Structures are given as C-alpha cells and as structure tokens.
Amino acid sequence: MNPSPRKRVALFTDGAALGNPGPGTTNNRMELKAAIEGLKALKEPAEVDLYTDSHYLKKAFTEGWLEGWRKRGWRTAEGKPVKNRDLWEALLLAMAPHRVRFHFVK
C-alpha cells in the first residue's frame, strides 16, 4: 500500500509572496524556508515531489553545479558569497536523509 520506494509526498512550495521587500526573491526564499521545514519537520526518508515554481530553486538544481558549489567554497557565478547559504547549507544537510525530488512546475 502507498508508493513502493518509501513514501512519495506531494509538497507544493507555495510560500506566499508578499515579503516586506516583495516576491522579488523573498517568495523563493520563503518557499525555500518552507522547504527546509518541510524536510526537517519530517525526518522521515521520503520521495518528496517538491513542486517549486521559483527561478532560484530551479536554477540551482537545474544547473547541476550544486556539486561545484561545494567545491566552490560557495560563491555566486560571479565570485561573491551565496545568498541564503544558511538556508541552503541547512536544507542540504536536511536533504541528505530524504530523496526529495525536484519538480519545477512553471
């Protein structure tokens, strides 16, 4: 009963988008914030089909250079530190137990 892997979760990264700054990148961060929580508030190794229609989250994973990021000491394609590196480094540590899948629903 239920998926055969472990447990597939349909998590829709639907933060809100209204930060004092504005969706200008907070929504993505908020969706990112909800993610770290959506993967830390479980700790149950599951195939989370995280649907993220963000231009930051997708870009990261879709660039597959996330591995490079680690070898890049964590900087931007320009050479300046990465923003949210705290959420990420935390989400990454929290994404280790899970198989969390990426589904850019744009």
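What you see of chain A is 1-24, 46-127, where the numbers are those given in Swiss-Prot.
Per the header: solution NMR.
The backbone N, Cα and C atoms fix where each Cβ goes, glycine too.
The Mg(2+) 1 site in Swiss-Prot is built from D14, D74 plus one of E52, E58, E88, namely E52.
Sequence-ordered, the extra residues of this chain that approach the Mg(2+) 1 site, with Cβ no more than 8 Å from the Cβ center of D14, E52, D74, are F12, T13, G15, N48, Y72, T73, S75. Considering only the binding-site residues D14, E52, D74, the Cβ with the fewest other Cβ atoms within 10 Å is that of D14.
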